[PDB]
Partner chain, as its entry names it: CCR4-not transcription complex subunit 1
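As a starting point, one isolated chain is supplied in structure tokens, in the form solved without its partner chain.
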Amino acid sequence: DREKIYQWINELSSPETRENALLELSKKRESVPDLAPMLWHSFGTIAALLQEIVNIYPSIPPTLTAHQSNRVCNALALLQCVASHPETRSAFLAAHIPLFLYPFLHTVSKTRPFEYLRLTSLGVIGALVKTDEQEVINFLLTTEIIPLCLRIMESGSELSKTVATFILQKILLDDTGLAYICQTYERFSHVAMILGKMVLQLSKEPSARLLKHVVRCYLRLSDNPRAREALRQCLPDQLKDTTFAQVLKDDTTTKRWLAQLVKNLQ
């Protein structure tokens, strides 16, 4: 596998062999555990994945085709592999690699090629926050991903909403993330206002997974005393009434989180 990896890495340099090498290296992410440092330390490799991404910035009127999106999504998945490896993560953050994905989190395009990109880019960020490492939490705080997550949570696909809510949740769950969001009223209210709108949309178009993650964000906010005092007055009716009785019928975890949340507010 190692010899194939170096050949494919080299084959990224000619445009006739480039796509096939991207797809082949991507297939090795599930089976070669050292693939991330191999990619990170091979001269030019990261630069070649980043080139795939910036080459579609001009495609954001939206002109991205499915072929173009599938190719970049494999570059993104290779970068997710690098984000996930303990030996390469700190340098990925030190090189600000995440900032390259933010245009894909930011576009409002509704085409399916931009949905595949948005989901894979959220996947890269989600792989970082899944580590719960402070370094990751503080980097994302300083780089303004929360406004990007909020806009996606507010009007993305159900699956995009879920991953973005998960990212915001992992930041809320950290003590520094919770303190940061509750440090000013404008920060806290932007998050709570977004969560309230989502609760209203969910009442019309229910999703159990998305409701669970929304409820986790509310539960965690009530650990902060100023957020607790605001949610005493503004917690959506729909989290206390029969709005989600049908959807919660089998979810013991969310019902227990909602009970804990109401108890917290007193």
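Positions refer to the first chain, counted from 1.
Omitted from view is the form solved in complex with its partner chain, to which the following refers.
* Is every one of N55, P58 and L99 in contact with its partner chain in the deposited bound form, taking contact as a heavy atom within 4.5 Å? -> Each of the three qualifies.
Next item on the list: May I ask you to state whether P206 is within 4.5 Å of its partner chain in the deposited bound form, using heavy atom distances?
Entry: Answer no; every heavy atom of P206 is more than 4.5 Å from its partner chain in the deposited bound form.
*Would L258 count as touching its partner chain in the deposited bound form under a 4.5 Å heavy atom rule?*
Result no; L258 lies far from its partner chain in the deposited bound form.
query: Does the 4.5 Å heavy atom contact test between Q201 and its partner chain in the deposited bound form come out positive?
result: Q201: no, not in contact with its partner chain in the deposited bound form.
ask   = Hey, in the deposited bound form, is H41 touching its partner chain, heavy atoms inside 4.5 Å?
value = Yes, contact at 4.5 Å.
Notebook entry, point to check: What are the residues of 13-47, in order along the chain, with a heavy atom within 4.5 Å of its partner chain in the deposited bound form?
Noted result: Read in sequence order, the residues that approach its partner chain (within 4.5 Å, in the deposited bound form) are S13, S14, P15, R18, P37, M38, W40, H41, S42, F43, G44, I46, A47.
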